[PDB]
Amino acid sequence: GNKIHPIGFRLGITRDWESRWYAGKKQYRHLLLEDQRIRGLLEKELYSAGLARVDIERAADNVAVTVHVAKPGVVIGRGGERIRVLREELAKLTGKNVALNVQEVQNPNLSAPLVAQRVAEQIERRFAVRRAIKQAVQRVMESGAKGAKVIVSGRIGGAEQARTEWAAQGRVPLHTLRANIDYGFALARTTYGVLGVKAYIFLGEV
Amino acid sequence: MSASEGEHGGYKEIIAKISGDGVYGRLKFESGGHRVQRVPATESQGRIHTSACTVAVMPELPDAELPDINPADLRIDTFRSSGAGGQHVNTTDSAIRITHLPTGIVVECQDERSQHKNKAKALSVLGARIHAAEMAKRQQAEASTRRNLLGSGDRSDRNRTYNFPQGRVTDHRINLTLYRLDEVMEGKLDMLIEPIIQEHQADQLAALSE
Amino acid sequence: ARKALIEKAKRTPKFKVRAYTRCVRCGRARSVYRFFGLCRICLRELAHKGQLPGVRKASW
RNA sequence: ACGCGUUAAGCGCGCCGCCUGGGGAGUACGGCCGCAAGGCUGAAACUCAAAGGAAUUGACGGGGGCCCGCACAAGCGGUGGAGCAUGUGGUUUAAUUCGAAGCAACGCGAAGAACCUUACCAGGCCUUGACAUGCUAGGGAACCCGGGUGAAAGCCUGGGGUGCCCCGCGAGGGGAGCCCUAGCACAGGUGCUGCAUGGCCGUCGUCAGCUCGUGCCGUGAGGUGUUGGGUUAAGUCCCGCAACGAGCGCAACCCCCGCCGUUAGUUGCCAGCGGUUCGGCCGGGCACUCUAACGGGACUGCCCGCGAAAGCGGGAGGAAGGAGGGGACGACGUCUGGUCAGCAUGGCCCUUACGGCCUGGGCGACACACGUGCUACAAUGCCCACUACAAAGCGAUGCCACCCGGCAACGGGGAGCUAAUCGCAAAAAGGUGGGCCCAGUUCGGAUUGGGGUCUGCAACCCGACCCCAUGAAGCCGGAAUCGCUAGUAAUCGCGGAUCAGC
RNA sequence: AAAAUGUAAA
RNA sequence: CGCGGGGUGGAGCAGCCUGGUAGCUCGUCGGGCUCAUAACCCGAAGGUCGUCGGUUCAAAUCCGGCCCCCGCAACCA
Ligand SMILES: CN(CC[C@H](N)CC(=O)N[C@H]1C=C[C@H](n2ccc(N)nc2=O)O[C@@H]1C(=O)O)C(=N)N
Ligand SMILES: [Mg+2]
Ligand SMILES: [Mg+2]
Ligand SMILES: [Mg+2]
Ligand SMILES: [Mg+2]
Ligand SMILES: [Mg+2]
Ligand SMILES: [Mg+2]
Ligand SMILES: [Mg+2]
Ligand SMILES: [Mg+2]
Ligand SMILES: [Mg+2]
Ligand SMILES: [Mg+2]
Ligand SMILES: [Mg+2]
Ligand SMILES: [Mg+2]
Ligand SMILES: [Mg+2]
Ligand SMILES: [Mg+2]
Ligand SMILES: [Mg+2]
Ligand SMILES: [Mg+2]
Ligand SMILES: [Mg+2]
Ligand SMILES: [Mg+2]
Ligand SMILES: [Mg+2]
Ligand SMILES: [Mg+2]
Ligand SMILES: [Mg+2]
Ligand SMILES: [Mg+2]
Ligand SMILES: [Mg+2]
Ligand SMILES: [Mg+2]
Ligand SMILES: [Mg+2]
Ligand SMILES: [Mg+2]
Ligand SMILES: [Mg+2]
Ligand SMILES: [Mg+2]
Ligand SMILES: [Mg+2]
Ligand SMILES: [Mg+2]
Ligand SMILES: [Mg+2]
Ligand SMILES: [Mg+2]
Ligand SMILES: [Mg+2]
Ligand SMILES: [Mg+2]
Ligand SMILES: [Mg+2]
Ligand SMILES: [Mg+2]
Ligand SMILES: [Mg+2]
Ligand SMILES: [Mg+2]
Ligand SMILES: [Mg+2]
Ligand SMILES: [Mg+2]
Ligand SMILES: [Mg+2]
Ligand SMILES: [Mg+2]
Ligand SMILES: [Mg+2]
Ligand SMILES: [Mg+2]
Ligand SMILES: [Mg+2]
Ligand SMILES: [Mg+2]
Ligand SMILES: [Mg+2]
Ligand SMILES: [Mg+2]
Ligand SMILES: [Mg+2]
Ligand SMILES: [Mg+2]
Ligand SMILES: [Mg+2]
Ligand SMILES: [Mg+2]
Ligand SMILES: [Mg+2]
Ligand SMILES: [Mg+2]
Ligand SMILES: [Mg+2]
Ligand SMILES: [Mg+2]
Ligand SMILES: [Mg+2]
Ligand SMILES: [Mg+2]
Ligand SMILES: [Mg+2]
Ligand SMILES: [Mg+2]
Ligand SMILES: [Mg+2]
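Shown next, in the form of structure tokens:
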């Protein structure tokens with residue numbers, strides 16, 4: 002083990018901060034650990050929707066949470082209920098006046114933190130772990146990527162002495178910082194044990 | 149009092165006397181085979197191994213020697229010696245033979261031209277020949293009883309397993325199985341020996357009260 | 002004593018010395034910053050996901 | 001299969017000899033031969049689940065060739081000896097919490113153990129609990145309060161706040177957020193298992209490697225490509241080729257450091273000026289240093305020479321030239337690697353207890369041993385004063401120039417600064433006169449004594465500084481071993497992160 | 001033209 | 001009884017005559033080498049010289065007696 006996170010890598014070379022806001026010295030840690038708890042709530046109630054990215058930004062007290070989903074008919078709720086009651090739960094545990102800012106995915110099979118989550122439950126529900134990859138990339142590549150790679154790790158439906166196997170197709174120049182790529186974990190949580198699905202999509206060296 | 153400290157590690161073999169009170173009953177249960185499963189020090193890739201050892205604690209043995217024979221049973225015997233000697237040998241009963249009746253040993257001494265010297269030489273050769281002879285009966289029993297006790301072949305030799313990669317010691321004969329271990333492997337032997345002793349005795353009463 | 006001590010590092014003390022650091026996110030005690038209220042890893046971890054403001058990998 | 005191939009192991013035929021799993025065994029027995037040594041003929045019991053033939057892939061070699069690495073050589077400075085620091089083994093003990101183990105454990109997780117941290121220990125306590133969703137409910141009522149015991153935590157204990165839906169002629173309203181009090185789902189675990197795992201790291205190794213696609217060869221495992229000639233730091237190229245291409249790597253794009261300029265012109269800067277009231281303070285100005293964005297700049301681009309090409313070798317000019325120096329960046333893989341103790345996680349366990357709380361001890365123990373390390377043996381040095389020269393950082397919790405107290409740390413008095421403004425602020429070596437004269441010393445600063453400051457609830461265990469007496473071992477370190485190729489080693493200082501304090 | 005060894009679990 | 005021999009750091013040997021003089025080889029413990037062990041290189045540790053009593057100022061040593069070890073005759077016609 003040695004390969005480093007491709008985000009933290011280009012953290013300021015391509016992909017952006019999930020949190021976009023300035024802070025003072027004795028207040029940073031305060032409106033951080035509070036503000037992180039938001040994605041704790043958001044992931045609790047949007048996996049059912051496709052939570053790939055959050056953009057939590059702040060003014061003076063005034064927050065601006067902007068979410069990125071699959072097909073936001075989920076946050077719609079009963080006409081406009083979940084969009085309401087979430088912003089009604091957003092501010093409700095801060096003290097600060099929030100917002101219902103929400104936006105969606107253009108194409109889903111082109112988002113790593115998404116593409117993974119599909120798989121890590123696809124197999125959390127037993128399914129053929131090999132072909133759940135070779136076709137996963139194949140969906141991504143028939144979704145017009147430039148390259149793809151998928152990784153699972155741990156007891157693959159059996160094998161006590163657990164393994165780490167993968168399949169991939171296309172281009173994946175990680176070491177090149179120029180490349181726009183995409184990475185997102187996903188957690189297979191099966192009866193016999195727990196794995197971990199990584200995913201990488203090379204979208205185009207901007 | 150005896151030790152073969154073979155390269156690494158150990159002790160290939162060690163003998164030692166333990167002195168004090170109740171030394172017997174508080175270790176008379178250790179005699180037997182001791183299986184051990186861990187990844188040995190002698191190992192070069194993560195493989196567990198089932199080595200073993202043979203504990204053989206034998207009790208104290210007080211020993212004996214009365215200030216020698218009963219001359220009341222003893223049969224002395226003078227007679228003319230056999231061989232070359234002429235007039236002061238064909239005509240002088242210089243040969244001796246002595247016989248210890250309740251044992252059975254017979255020795256004699258046509259060894260020297262005396263008689264008193266052959267007499268005593270018989271009565272001290274027959275010194276050894278009775279006590280130095282019986283010491284075989286001692287060792288024979290010692291040896292044989294240690295052999296049954298200690299148990300020869302290994303790993304299949306029962307009594308107590310010491311499992312390190314799980315930290316669980318189990319005594320087979322009475323079936324404790326606590327996954328404490330190591331504390332005993334530090335020296336705290338009792339969370340173990342006390343169980344067997346009660347268990348040993350539990351059926352002790354079920355013998356002439358059953 | 003797990004949870005019973007992150008909850009007792011936050012509770013009001015018996016003195017101004019039984020006061021001490023606790024990683025709010027993980028739960029450390031040693032190597033917990035004041036600047037973040039964080040442990041060396043939780044710091045490390047979230048940082049890679051850009052969820053920590055302005056902090057990029059150093060290089061000089 | 002290797003190979004054989006009119007000198008068959010090819011296609012045929014005639015005739016002899018010989019084989020029918022390994023070991024036992026070319027033995028034992030019988031016969032025959034022999035001077036002998038032996039020879040010929042030649043079994044079986046028992047035993048095993050194989051023995052073996054070629055060929056492929058790697059690893060390995062006290063095999064070869066070709067390169068490379070502070071690997072050796074060359075050179076400079078260390079450890080190993082002493083005393084102390086801290087870390088580990090051991091031992092130990094009421095426990096001396098757990099884990100890390102050759103490089104790749106040993107100033108490692110610890111970036112702050114007196115309480116805390118704390119898992120260990122002893123003894124006092126806890127039982128739906130220190131924490132989470134809840135349930136039936138004796139009844140409540142935020143709650144400010146307040147008492148006796150005790151080290152505290154806790155067992156007990158006396159006061160009502162009398163508010164809280166919605167209407168009680170009313171004398172009960174009923175509910176209610178939290179709440180007290182029993183009981184049913186309970187939590188709780190630093191308990192085991194990294195040999196059930198995730199994640200992250202370590203390492204060979206920033207090594208130059210690993211492979212895939214089709215084609216082709218081969219009964220096949222597999223080969224070809226990736227081999228070869230040149231080449232480079234490089235599977236880097238260029239040529240060549242039963243190969244043609246492709247991915248992961250190296251380079252490369254990214255960040256500081258060197259050159260140049262556009263821009264910006266204080267809180268920084270100061271060349272010219274009013275100044276002058278002794279002066280970057282006043283006016284003055286962004287010209288220069290400064291700061292910090294946006295940029296150009298080097299491309300074998302130029303020339304003699306060598307090669308077919310890549311490329312090489314020399315100077316030319318330029319801040320810089322064949323990669324200018326530095327960082328980040330760790331390929332398929334390996335090590336049954338490290339980590340269930342940061343955290344998560346399938347199992348297994350514990351359930352007036354492995355859980356939960358406070359008091360005190362311990363994690364700092366010392367018959368011993370190795371790791372990393374500070375400080376030394378001194379004259380290129382040690383001491384007292386004058387005295388210049390840095391740089392990155394830190395703080396309206398606080399940073400504390402200042403007077404005052406002083407032998408001091410400190411103390412009480414506070415002026416500024418939310419910081420290019422004000423502070424930590426003396427950077428030490430260096431410089432300059434004195435000073436010592438070769439000695440267990442004006443070296444060295446261990447050990448211990450008496451007395452003090454500081455922060456904390458409190459420095460016995462067990463703190464860090466200050467002052468006076470004390471002034472040890474050590475006179476250059478056996479065997480062996482270590483770092484390092486240029487602003488590098490060596491040596492001198494300073495700041496920060498964890499942090500009551502250290 | 002130097003120098004012995006490495007038991008027993010995939 | 002009798003002659004003569006040697007007893008000494010754990011094993012095996014000098015040092016006795018000539019009276020003050022603990023030696024060598026292993027072995028041992030503690031440092032290295034090496035992934036590890038031995039080999040190998042570097043330091044240290046270790047015995048009132050059998051035992052009573054003896055003479056000298058003192059006994060490994062000179063000196064008498066049993067205690068050991070060891071060849072050792074004892075011819076007995
Ligand atoms: C016996 N001989 C020859 C010697 C005479 N002619 C014969 C004879 O018998 N002599 C022997 C006779 C007795 C002798 N004898 C034995 C015991 C004794 N106490 N005293 C003696 O003299 O020992 C003698 C000895 O050996 O010469 C040989 N062997 N030559
Ligand atoms: Mg897909
Ligand atoms: Mg043996
Ligand atoms: Mg006794
Ligand atoms: Mg005869
Ligand atoms: Mg005779
Ligand atoms: Mg017997
Ligand atoms: Mg284990
Ligand atoms: Mg069992
Ligand atoms: Mg506890
Ligand atoms: Mg021919
Ligand atoms: Mg033949
Ligand atoms: Mg035949
Ligand atoms: Mg056969
Ligand atoms: Mg044969
Ligand atoms: Mg026959
Ligand atoms: Mg003959
Ligand atoms: Mg081959
Ligand atoms: Mg050669
Ligand atoms: Mg060559
Ligand atoms: Mg050559
Ligand atoms: Mg070296
Ligand atoms: Mg020198
Ligand atoms: Mg553990
Ligand atoms: Mg430990
Ligand atoms: Mg309660
Ligand atoms: Mg009313
Ligand atoms: Mg009412
Ligand atoms: Mg009313
Ligand atoms: Mg296991
Ligand atoms: Mg390789
Ligand atoms: Mg080849
Ligand atoms: Mg070839
Ligand atoms: Mg070829
Ligand atoms: Mg080539
Ligand atoms: Mg190429
Ligand atoms: Mg002006
Ligand atoms: Mg000017
Ligand atoms: Mg100007
Ligand atoms: Mg360049
Ligand atoms: Mg060229
Ligand atoms: Mg040119
Ligand atoms: Mg030319
Ligand atoms: Mg040049
Ligand atoms: Mg958990
Ligand atoms: Mg208790
Ligand atoms: Mg506690
Ligand atoms: Mg000198
Ligand atoms: Mg002050
Ligand atoms: Mg500020
Ligand atoms: Mg001078
Ligand atoms: Mg002196
Ligand atoms: Mg003190
Ligand atoms: Mg030196
Ligand atoms: Mg400071
Ligand atoms: Mg030689
Ligand atoms: Mg030789
Ligand atoms: Mg002698
Ligand atoms: Mg001498
Ligand atoms: Mg080894
Ligand atoms: Mg030797
Ligand atoms: Mg004499």
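Residue numbers (the deposited numbering), protein chains in the order written: chain LA, 2 to 207; chain JA, 149 to 358; chain WA, 2 to 61. Heads up, the beta-carbon is just placed ideally off N, CA and C, and yes, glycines get one too.
Residue from the options whose Cα sits closest to the Cα of residue i
{"i": "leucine 42(LA)", "options": "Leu87(LA), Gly2(LA) and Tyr29(LA)", "result": "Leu87(LA)"}
{"i": "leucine 326(JA)", "options": "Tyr159(JA), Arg277(JA), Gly335(JA) and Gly315(JA)", "result": "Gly315(JA)"}
{"i": "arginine 190(LA)", "options": "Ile182(LA), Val153(LA) and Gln162(LA)", "result": "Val153(LA)"}
Other residues of its chain near residue i: CB distance less than 6 Å, five sequence neighbours each side excluded
{"i": "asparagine 238(JA)", "result": "none"}
{"i": "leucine 47(WA)", "result": "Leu53"}
{"i": "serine 20(LA)", "result": "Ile57"}
{"i": "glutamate 260(JA)", "result": "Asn266"}
{"i": "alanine 30(WA)", "result": "none"}
Cβ neighbour criterion (16 or more within 10 Å) applied to residue i
{"i": "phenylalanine 16(WA)", "result": "exposed"}
{"i": "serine 229(JA)", "result": "buried"}
{"i": "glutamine 104(LA)", "result": "exposed"}
{"i": "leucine 222(JA)", "result": "exposed"}
{"i": "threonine 177(LA)", "result": "exposed"}
{"i": "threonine 309(JA)", "result": "buried"}
{"i": "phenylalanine 128(LA)", "result": "exposed"}
{"i": "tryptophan 18(LA)", "result": "buried"}
{"i": "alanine 270(JA)", "result": "buried"}
{"i": "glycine 148(LA)", "result": "buried"}
{"i": "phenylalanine 36(WA)", "result": "exposed"}
Proximity of residue i and residue j at Cβ, strictly below 8 Å
{"i": "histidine 69(LA)", "j": "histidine 49(WA)", "result": "no"}
{"i": "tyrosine 184(LA)", "j": "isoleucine 8(LA)", "result": "yes"}
{"i": "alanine 168(LA)", "j": "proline 174(LA)", "result": "no"}
{"i": "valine 106(LA)", "j": "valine 66(LA)", "result": "no"}
{"i": "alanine 200(JA)", "j": "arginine 303(JA)", "result": "yes"}
For residue i, three-class secondary structure by DSSP
{"i": "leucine 47(LA)", "result": "coil"}
{"i": "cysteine 24(WA)", "result": "coil"}
{"i": "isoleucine 8(LA)", "result": "helix"}
{"i": "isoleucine 344(JA)", "result": "helix"}
{"i": "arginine 195(JA)", "result": "coil"}
{"i": "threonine 309(JA)", "result": "strand"}
{"i": "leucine 324(JA)", "result": "strand"}
{"i": "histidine 69(LA)", "result": "strand"}
{"i": "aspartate 351(JA)", "result": "coil"}
{"i": "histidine 264(JA)", "result": "helix"}
Own chain partners of residue i with C-beta closer than 8 Å, once the 5 adjacent residues on each side are dropped
{"i": "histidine 320(JA)", "result": "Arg306, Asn307, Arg308 and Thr309"}
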